[PDB]
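A.B. asks: Structure for this input, please:
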Amino acid sequence: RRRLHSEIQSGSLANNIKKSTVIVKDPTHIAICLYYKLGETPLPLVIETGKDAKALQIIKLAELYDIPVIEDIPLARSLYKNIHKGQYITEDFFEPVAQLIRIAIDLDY
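C.D. replies: Numbering: from 1, shown residues only. What follows is the structure:
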């Protein structure tokens, strides 16, 4: 039998958070989920975003799945405005996102 629309939506959101590399948040309720996989993605990409209730939801799922969350107001707002879901970060973001990822994760290289 088919699952409820709400279950497909919640399940879909959960899976995208679970596979996120790092989430960048603003306390006014923006959350940006970055995805990077060495050899697959040439650059980090924005996999999910949210504002207000959706931001709160993303942040709570992040806590559930132990995904690193960094507060960075200017970077959250700028990514929100500029890098839409499915898009790679652009050059102005390379250094700030690199630094973000190094806060969140121990590479390696």
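A.B. asks: so the nearest residue to residue 43 once chain neighbours are set aside bridges to which residues?
C.D. replies: What sits nearest to residue 43 in space, not counting adjacent residues and going by C-beta to C-beta, 6 or more residues apart in numbering, is residue 88, at 4.3 Å. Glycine gets a C-beta too; all of them are placed from N, C-alpha and C. Beta bridges link residue 88 to residue 45, judged by DSSP bridges.
A.B. asks: go on, residue 51?
C.D. replies: residue 30.
A.B. asks: so who does it touch?
C.D. replies: Contacts were defined as C-beta atoms under 8 Å, 6 or more residues apart in numbering; by that measure residue 51 touches 29-30, 80.
A.B. asks: Now do the contacts for the residue positioned nearest the centre of the chain.
C.D. replies: Compute the mean C-alpha point of the chain, and by C-alpha atoms, centre = their mean the closest residue is residue 33, 0.5 Å away. Contact partners of residue 33, counting by C-beta under 8 Å, 6+ apart, are 16-17, 20, 22-23, 46-49, 58.
A.B. asks: Can you read off the backbone torsions of it?
C.D. replies: The main-chain torsion angles of residue 33 are listed as degrees, to the nearest 10 and equal phi -100, psi 120.
A.B. asks: Kindly confirm my reading that residue 58 is in a helix.
C.D. replies: Yes: counting by DSSP: H, G, I helix; E, B strand; the rest coil, residue 58 is located in a helix.
A.B. asks: Please look at it and residue 31 and confirm they touch.
C.D. replies: Yes: when contacts are counted by C-beta atoms under 8 Å, residue 58 is listed as touching residue 31 (4.1 Å).
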